[PDB]
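Same chain, two versions here, written out as structure tokens and called structure 1 and structure 2.
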Structure 1
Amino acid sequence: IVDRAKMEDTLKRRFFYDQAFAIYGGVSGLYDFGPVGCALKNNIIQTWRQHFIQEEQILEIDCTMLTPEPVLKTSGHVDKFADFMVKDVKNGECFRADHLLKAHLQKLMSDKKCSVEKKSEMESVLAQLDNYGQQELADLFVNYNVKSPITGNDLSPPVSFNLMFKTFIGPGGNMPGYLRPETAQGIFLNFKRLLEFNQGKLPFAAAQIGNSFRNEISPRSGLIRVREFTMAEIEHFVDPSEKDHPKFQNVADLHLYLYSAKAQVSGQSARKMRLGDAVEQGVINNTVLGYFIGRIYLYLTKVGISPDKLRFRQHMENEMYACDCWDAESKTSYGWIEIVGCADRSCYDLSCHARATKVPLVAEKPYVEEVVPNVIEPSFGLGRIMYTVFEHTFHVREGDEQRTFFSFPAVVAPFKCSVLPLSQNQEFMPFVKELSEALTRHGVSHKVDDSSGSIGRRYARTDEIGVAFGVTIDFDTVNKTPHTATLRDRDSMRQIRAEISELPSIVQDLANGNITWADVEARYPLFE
């Protein structure tokens, strides 16, 4: 039930992120990230790197965004990566068909003057809304006499509109291409090089962190629906016969909300289960998919998402070569939204490219068994993760002045700690320098505060952008011996007093989760 306006205000005011090309009028679905936002984004990515690449020793590659047409023809995208779009005949404006239609069948759905059996009829229409083909959808438009929501004019018949941005590579019009809609295809195109790099053996996993593009018809859902965005995508190639993950028991004990395709057809609600139990009972298929679902859950928790607003939903038969497919979804002000994809495929694009180019993309096994690997496809939409974190960590303090703060875990906070020196009086400098150097020597990110206003108001700002900790340096620090300073916990706003030499060590342990605030108060004298 978060106050999205209040948050969005804070987010824009402090320049986490904002409308790209604002002064030229802005462009919808495009955002610039300000220094604070970049800090956070960079943390989220580093956290991801240690959590996945480093931990599973993944093979990282970095392919181009520019993509010639034939490759994306082969992947189907040229043909099938599109949305149905009607447009206003008298005006000219464009609308996304399915949710414009859905809008109409919620006015009619919600009307006392409408019959019960008719609600039932439209309820079922929405039920299989994503199924209807071109023609069926065009009939649905006539049958419910759909009009433009802005003007109310007659609506053209729904055409398909491909979502890839089109250019030409080179001069003339010889080589047309697109901006990649996903990084998965780059990994596929390098399957051979990667497989070889892995000494020919299997399993192995490749990764990419980069931008893909998606020419959305009319984005108006803030940062959730954007035209350009950064992904972190993993492609874990496994032998179908050796499909048990050795590290699974590391995450087998995790309890988490799962929402099966069978639970959805029944009209049952989601279930919190122990990962092990789920895979043992057949809900989750195998422990490779299982392993990654657990890791994804662990990662998202780490980065600030609330476990009680996090679930894994399985694709149903209709929504698809099909696949066992789970999505991490977070409960938000925009509803439950998908923020990490996780597919399990037998037949997929690797096979297509192979016979397309006449270059074999397979693995040998000593007989010489040609193996077409399965893939698990963890797909991270960094933007949406980041937003989910904003909504989940945003809080308003009880202070009548309506102060806000983000409860960011230290591992993602724009920086872990703020040094507040009461004065710039050059007799403060040695203490600040040393503290800063110490914090650096301990790998604890920090920024020395040079803002005007009271000690209290200065922290307010710190808190507004979610800095985990603070260390005030006052005259007693500089003058009394031993030299001690105040450590302030963001969340509680509580404080402690310890020797300034000791603090770097203390803060490190707090941010690294070796020690609780509770622990600290137990060990060090309380300060107000």
Structure 2
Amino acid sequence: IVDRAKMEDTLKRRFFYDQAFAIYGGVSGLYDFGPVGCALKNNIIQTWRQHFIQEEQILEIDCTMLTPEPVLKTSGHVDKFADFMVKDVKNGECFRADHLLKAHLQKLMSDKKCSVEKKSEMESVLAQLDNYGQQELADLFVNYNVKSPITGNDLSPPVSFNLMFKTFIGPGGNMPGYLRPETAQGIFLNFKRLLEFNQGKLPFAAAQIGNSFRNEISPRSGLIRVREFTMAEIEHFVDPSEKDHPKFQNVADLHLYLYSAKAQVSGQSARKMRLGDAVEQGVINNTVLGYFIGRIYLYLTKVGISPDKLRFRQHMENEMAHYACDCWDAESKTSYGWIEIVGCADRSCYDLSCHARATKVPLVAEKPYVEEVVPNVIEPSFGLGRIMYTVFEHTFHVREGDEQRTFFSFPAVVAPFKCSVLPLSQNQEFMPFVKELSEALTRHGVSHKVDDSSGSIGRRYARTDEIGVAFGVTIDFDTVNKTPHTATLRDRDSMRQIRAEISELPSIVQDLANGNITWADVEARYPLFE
């Protein structure tokens, strides 16, 4: 439970993100990220690079966004990459049928005049929404007589709407193209040279961190529904018969809420299992898929996602994408309900074959006299956009005080900047201290900034908390005059402080941010300062 209104106001005001082309009315689904928003957005991409590319020695490539029609036709995007759209016969307003039907049903379940028996029937309908194909949706749109959410008019029947943007490469119109809806395709088209890097053996993973475009129908979910976002996709090619990851044990003891496809149809709830035990019962097919599922859990957590609001929902029989056979999604409980922030699929061979059969160019690998095989790819799809937004809601808190101050409990690895060095006076009396501390912090690799804003030391930290600065050191007169020279180390979340010698503080803030010492540990070693 989070007050979205209050939050968005803080985010936009401190400029984390805001409506793109605002002075023109803005375009729904498009936002610009201000300074802090970038510092945070950057820290997350940096953490991801470490957690995956670096930790797994993933081959990184950077393909183009512009794509010639022929390429996406083969992958099957020109045909299946779409959403069902409806529009009131009156004017020409469009809506994503998929969601409008869900918005309506939720409206009925809320009305007090609704029977318990119907409430159920509907809950069953919503828990199977991503399965209802073309026809099935048309009927539900009749049975429930869904009508325009605005000036309730009559909606035309649900029709598919290709989400890919369209353009023309070069003068003339002989080469029509689209803006890549995903990045994965680029890695497949380069499978040859890529496989060559690993001596030709499997498994090997290729990755990409770039922009994808999705001409969303009716974006109304803040940063959740954008037509332009940055995503980090991993394409882990493995031998279909050797689907066993040599590191699965490093993430086997992790306990996370799994929501099988069965539990979704068998009407029961998600169970908090153990990955190791998960693979046993057969919930999670193999251990490769299992390994990444665990790593994904670790990443999201380390970046600011709350475990008590993070689950992995499996897909339904016919919910499968036009390129997958099995899949699991990392969903976060937000103010918009459960939403897919990271998508981990298991699109066995499909892709490579399509491009090979179309271009008349072989894309395979061999294994020991020797047999050629079609690699089975597990693609963890990260939406850095939704992932960041989740961190926003999960860490946005309101300080217990009439002034209604807010703050984000951002981990030290993602906060705009870890420490905030703020002195009382800027005269040449404090400089020798501010200068030292700063440079000292830098040597320890702790991002910081010397606060200049006006107001009381308490109002200073008030602005610091808003953008979620992890810590803060107060340098007052007793620090400059008294001796030993000690400063005040203030914790963001607790607001509780400490008084240690200003020379040792750097190493202290370092361990605190790096998770080598607990704030409790600090209060035990040094004298508390009210």
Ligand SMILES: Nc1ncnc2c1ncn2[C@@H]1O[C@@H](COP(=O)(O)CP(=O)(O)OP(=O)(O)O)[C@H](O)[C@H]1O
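By convention here, residues take numbers in order along the sequence of structure 1, the first being 1. Whichever C-alpha set is largest while still superposing within 1.5 Å between the two forms counts as the rigid core.
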Displayed copy of the chain that is the form deposited without this ligand = 1
ask   = At the hinge between the two rigid parts, which of 467, 77, 507, 251 do we find when the chain moves between structure 1 and structure 2?
value = 77
ask   = By what angle, rounded to whole degrees, does the smaller rigid part rotate against the larger between structure 1 and structure 2?
value = 14
ask   = Where the core is superposed, what shift in Å does the CA of residue 196 undergo between structure 1 and structure 2?
value = 0.5
task = Superpose the two forms on the rigid core, then give the C-alpha shift of residue 144 between structure 1 and structure 2 in Å.
result = 6.2
task = Can you read me the CA shift for residue 115 between structure 1 and structure 2, rigid core superposed, in Å?
result = 9.5
